[PDB]
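Note sheet for the following structure.
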Amino acid sequence: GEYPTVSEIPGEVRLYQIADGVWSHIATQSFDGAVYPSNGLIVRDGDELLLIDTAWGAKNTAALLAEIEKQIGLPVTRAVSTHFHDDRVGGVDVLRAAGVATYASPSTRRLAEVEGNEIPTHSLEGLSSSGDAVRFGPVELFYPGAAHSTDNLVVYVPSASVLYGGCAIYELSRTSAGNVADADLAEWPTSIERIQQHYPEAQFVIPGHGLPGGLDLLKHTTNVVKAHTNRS
Ligand SMILES: N=C(N)NNC(=O)Nc1c(F)cc(S(=O)(=O)Nc2scnc2C(=O)O)cc1F
Ligand SMILES: [Zn+2]
Ligand SMILES: [Zn+2]
Ligand SMILES: [Zn+2]
């Protein structure tokens, strides 16, 4: 029903069922005096679970595993980090200690290493060129090109028409650019156009942060990125 917001979430994680065998995970971090939520994805893979992204640090990620263990009761066997920043790889060591196989593209592993971030163990091949797609159990992984980061992936759940954009897609309430230090502002709209052209059938679109919507989130993101590009 109601999507969890910061008001409903203290170190804690809430799960939200989007569709059959598909959940978002919602966590929060305090940064620079503000509290910001973050979304990831949980996709049932027969009798196991695939996790998309950490819950933004070690404590949140241990809370995530505890909240999955309580509310779903199926083992997380694999996790994918959609880019090298801490809201995506922070907590990878926690997952690994729990016997989760952690995965990222070689691009993400290299950038995580340069940044001194946690490094997922396993390499995702076949994603190095813009518009590359690879199947990963119950999802398709898609490299749309540089956007929020040079390595960002998006995740589609063909069975449920759920598109998880991670930090490449903004929620409607975000009307100004977020962390764009590692962004390719010049390529971001082209990368969104690749997502639009590949998943024109998506019914649910989950941004990296805040409320889900539909494919209008992609145009929304294009509008915000263009407005930032044109700052005088
Ligand atoms: N906007 C520039 N140029 N660079 N920004 C920064 O160096 N730092 C920074 C920033 F500007 C903005 C944010 S943010 O607004 O909280 N965005 C965040 S926090 C976790 N994920 C994101 C995101 O946008 O996906 C976090 C940051 F660490
Ligand atoms: Zn990021
Ligand atoms: Zn392994
Ligand atoms: Zn982010």
Side-chain angles (χ1 to χ4, degrees), residues 6 9 24-41 45 48 50-57 60-61 75-104 106 108-109 111-112 114-125 136-137 144 146-155 164-186 188 191-192 205-212 217-218 220-231:
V6 174
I9 315 177
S24 67
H25 59 91
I26 308 97
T28 60
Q29 272 295 353
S30 298
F31 157 77
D32 250 37
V35 298
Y36 201 47
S38 185
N39 297 315
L41 212 72
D45 181 16
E48 303 165 4
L50 169 62
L51 175 62
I52 311 296
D53 287 329
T54 69
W56 198 354
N60 284 359
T61 300
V76 177
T77 61
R78 295 186 293 181
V80 169
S81 295
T82 58
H83 71 278
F84 72 98
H85 286 155
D86 274 85
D87 51 339
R88 308 299 156 204
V89 298
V92 152
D93 293 358
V94 166
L95 293 181
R96 181 184 297 115
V100 180
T102 57
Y103 284 84
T108 295
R109 300 184 66 261
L111 283 162
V114 167
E115 196 77 4
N117 293 346
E118 299 187 55
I119 306 157
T121 295
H122 285 269
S123 288
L124 289 167
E125 289 311 322
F136 203 70
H148 169 81
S149 65
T150 68
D151 61 317
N152 45 205
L153 299 183
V154 305
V155 181
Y164 170 67
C167 304
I169 304 308
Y170 285 172
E171 77 172 311
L172 292 181
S173 292
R174 191 172 226 198
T175 54
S176 90
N179 174 22
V180 299
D182 297 325
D184 190 325
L185 288 171
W188 199 325
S191 301
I192 291 176
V205 178
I206 307 175
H209 309 268
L211 262 37
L217 269 56
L218 274 61
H220 173 68
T221 304
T222 296
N223 292 166
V224 170
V225 170
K226 287 187 173 200
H228 185 260
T229 294
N230 285 347
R231 58 194 192 286

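Just follow the structure's listing: the first ligand is 1, and inside any ligand the first atom is 1. We use all heavy atoms of the structure for the numbers below, so side chains are in, but hydrogens, waters and symmetry mates are not. We count residues from 1, following the sequence as given.
- Between the Zn ion (ligand 4) and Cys167 there is an N/O/S contact shorter than 2.8 Å.
- The N, O or S atom of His122 lying closest to the Zn ion (ligand 3) is NE2.
- Distances from atom 3 (N) of ligand 1 to the heavy atoms of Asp86, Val180, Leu185 show the closest one on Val180.
- With 2.8 Å as the limit, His209 counts as an N, O or S neighbour of the Zn ion (ligand 4).
- Which of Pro207, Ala177, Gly178, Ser149 comes nearest to atom 1 (N) of ligand 1 through a heavy atom is settled by distance: it is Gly178.
- Nearest protein neighbour of atom 28 (F) of ligand 1, counting heavy atoms only, is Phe31 CZ, 3.4 Å.
- Looking only at protein heavy atoms, the nearest one to atom 22 (C) of ligand 1 is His209 NE2, 3.6 Å.
- In terms of modelled atom types and a separation under 3.5 Å, the side chain of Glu118 and the main chain of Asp93 share a donor-acceptor contact.
- Counting only heavy atoms from C-beta outward, the side chains of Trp188 and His228 never approach each other to under 4.5 Å.
- Residue contacts with ligand 1: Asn179 is placed with a nitrogen or oxygen under 3.5 Å of a nitrogen or oxygen of the ligand (distance criterion only).
- Checked against the Zn ion (ligand 4), the N, O or S atom of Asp87 at the shortest distance is OD2.
- When all heavy atoms of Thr28 and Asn60 are compared, the closest pair comes out as O-ND2, 3.0 Å.
- With rounding to the nearest 0.5 Å, the separation of CG in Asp182 from NE2 in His148 is 7.5 Å.
- In this structure a side-chain-to-backbone donor-acceptor pair under 3.5 Å is missing from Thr150 to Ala146.
- Of the candidates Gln29, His148, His85, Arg174, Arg174 brings a heavy atom nearest to atom 18 (C) of ligand 1.
- Ranking the protein heavy atoms by distance from atom 19 (S) of ligand 1 puts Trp56 CH2, 3.8 Å first.
- The closest donor-acceptor contact from the side chain of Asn39 to the backbone of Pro207 lies under 3.5 Å.
- Under the 3.5 Å distance criterion, with hydrogens and angles disregarded, a donor-acceptor pair is assigned to the side chains of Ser38 and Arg88.
- Close contacts between ligand 1 and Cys167 involve ligand atoms 25 (O) [criterion: under 4.0 Å to a heavy atom].
- Of all atoms in ligand 1, listed by their number and element, those nearer than 4.0 Å to a heavy atom of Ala181 are 2 (C), 3 (N), 4 (N), 7 (O).
- Looking only at side-chain heavy atoms (C-beta outward), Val225 and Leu185 come within less than 4.5 Å of each other.
- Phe84 contributes atom CZ, which lies 14.5 Å from atom CZ of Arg109 (distance to the nearest 0.5 angstrom).
- Contact annotation: for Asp87 versus ligand 1, heavy atoms closer than 4.0 Å belong to the side chain alone.
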